[PDB]
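Okay, here we've got a single chain as structure tokens, the form deposited in one PDB entry, with questions on binding and movement later.
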């Protein structure tokens, strides 16, 4: 127990699915957690479902909102003390080829998936450096950050950007002895109530030519690698990509 003793984590998109499992396991391991989401109705209920206000709170925020990031860090420090841990998990998807991607779809997906991760990473380094917190920025960077998908053009762009921008941040933090690590987590297909809402999606994702294990993962599969990366167990890991994909990228 207590693998995140004393840690203070922000988890973007922490009210559902992968983000909620990360928040749940973070609280179970002794972190204080601020989860973000778009909808107070979902977010407040999610926080209460996991624990008490001394353990977990909700902050309504769109990760694309630059000024809101300031308010989010300030609210988390007011609630829990200085932030040690940021999981940039909030993301959206557009099911279009590059050929069929409208510029509106392109800009909207990059605002969340790329600007959001940039804004959170930049502010995280500024607020967490040089405080002896054992600080950790975990960027959600997808198997779509390693391989293309013909129907996820803008998503591929965003996840490749997060993958290599995270290495830049990791290096600067390491060279300057900031006590901040930056790593990416690369989920394969994960069962979420959302996947459950797309008829035939889980079966298509489970075909051996997609996921060799012949089934998709579960939110806890991503939560456990995030616990490792938030913990001081991973104090020599920075600038690295952690893939949990049932073998998708191995073939």
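Residue numbers count along the first chain shown, from 1.
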Completion exercise
For 193-201 versus 58-66, entry-based mean Cα B-factors point to 193-201
Practice task
Decide which of the stretches 68-76 and 144-152 has the higher mean C-alpha B-factor, going by the entry.
Solution key: 68-76
Practice task
Divide the modelled residues of the chain into thirds by Cα B-factor and specify which third, lowest, middle or highest, holds residue 51.
Solution key: highest
Completion exercise
Sorting the chain's modelled residues by C-alpha B-factor and splitting them into thirds places residue 15 in the highest
Exercise for the section: Using the B-factors in the PDB entry, rank residue 107's C-alpha atom against the chain and give the third, lowest, middle or highest. Expected result: middle
Exercise for the section: Report the third (lowest, middle or highest) to which the CA temperature factor of residue 81 belongs, ranking only the modelled residues of the same chain. Expected result: highest
Fill in the blank from the handout: Binned into thirds over the chain's modelled residues, the C-alpha B-factor of residue 173 lands in the lowest
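One more form of this protein, deposited with a small molecule bound, exists but is not displayed; see below.
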Problem - is_contact(residue 95, the small molecule) in the deposited complex, heavy atom dist at most 4.5 Å - result: yes
Exercise for the section: May I ask you to state whether residue 205 is within 4.5 Å of the small molecule in the deposited complex, using heavy atom distances? Expected result: yes
Problem - 4.5 angstroms heavy atom contact with the small molecule in the deposited complex for residue 123 - result: no
Problem - Contact test in the deposited complex: residue 152 vs the small molecule, heavy atoms, 4.5 Å - result: yes
Exercise for the section: From the candidate stretches 77-85, 152-160, 166-174, 126-134, select the single one in contact with the small molecule in the deposited complex, where contact means a heavy atom within 4.5 Å. Expected result: 152-160
